[PDB]
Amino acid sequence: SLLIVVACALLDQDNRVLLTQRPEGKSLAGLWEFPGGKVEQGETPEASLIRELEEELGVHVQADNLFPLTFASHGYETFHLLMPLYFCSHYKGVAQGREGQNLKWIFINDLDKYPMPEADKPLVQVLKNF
């Protein structure tokens, strides 16, 4: 019924945020989005995000370095999405697409230049003003 997904705005030395794009596979190029994933049973939201970032990007993050920013809340035909967004400017590893996905570091004021899922878009506005 209610799906909880956590996401992260990873910030580099130059105030670029990382967006990722699923591979084109057998059809067309997908949308740009914040890295993240489902919050699973027996995991805190922070644990889930930390694991997602390590699985997807080989980026290593400490819970004390994840800061709540905002959340999105979005109705779909068959479930409700609640999506907490964290920011993180202190992490270890070099982001690489470990699941064959595409990576793009984008200056914060430029994020709304890129096609993004409808749910991710209010989150972009919050990032610009912070």
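Note that residue numbering begins at 1 and tracks the sequence as displayed.
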{"property": "Greater mean Cα temperature factor according to the PDB record, 98-106 or 70-78", "result": "70-78"}
{"property": "18-26 versus 116-124 - greater average Cα B-factor per the deposited record", "result": "116-124"}
{"property": "Selection from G36, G58, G42, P84 [criterion: highest C-alpha temperature factor in the record]", "result": "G42"}
{"property": "Ranked against its chain, the third holding the CA B-factor of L2", "result": "highest"}
{"property": "Among modelled residues of the same chain, the CA temperature factor third for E52", "result": "lowest"}
